[PDB]
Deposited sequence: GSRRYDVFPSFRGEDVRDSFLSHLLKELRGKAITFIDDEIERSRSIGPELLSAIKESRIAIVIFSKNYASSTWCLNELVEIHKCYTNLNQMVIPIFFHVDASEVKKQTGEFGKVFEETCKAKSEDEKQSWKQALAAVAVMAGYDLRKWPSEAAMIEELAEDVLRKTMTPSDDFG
């Protein structure tokens, strides 16, 4: 309830580009969001932006697990975005996305690797926004913002 939207993303991939356009569009519709774990359960909608290096951040991966928990236990709405990554690669941790993931997992416990793999497989099959299926970033973000606005009614 405190926030409409919790956005989860790798800042190095999207902060100054794709995400700047999305947040501007959300602001124009008076959709609130937190500014960059505790805040996730305080948010009605999680927007997960999967990009090439999402999997290089344990911060992002741990956010995803929490988002998964909020989806399961608090009826958090979750919207995946695929930003130059293959959705099945995210879902199955294969391809470039997988290799970054595996690289990241080397220094990490097998249980949180499992928890990560599960949250990725669960969020990656959710209905969302795959940039290859839209005519532009601007068109996709426009539909996503109106989607998010409808979701604040509920």
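By the record, the deposited chain contains unmodelled runs at 1-2, 39-50, 169-174, with no C-alpha atoms placed there.
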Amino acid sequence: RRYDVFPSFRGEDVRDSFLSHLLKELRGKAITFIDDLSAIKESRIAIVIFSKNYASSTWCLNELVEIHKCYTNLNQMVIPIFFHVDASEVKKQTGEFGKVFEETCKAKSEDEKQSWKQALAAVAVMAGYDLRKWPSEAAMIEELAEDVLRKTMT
From here on, numbers count along this sequence of modelled residues.
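Relative to one another, 50-58 and 107-115 have unequal mean CA B-factors, and 107-115 is the one with the higher figure.
Here 91-99 and 119-127 are compared by their mean Cα B-factor, and 91-99 comes out higher. In the PDB entry, a CA B factor belonging to the highest third of its chain's modelled residues is recorded for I34. Residue-level temperature factors show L74 in the highest third of its chain, judged at the C-alpha atom.
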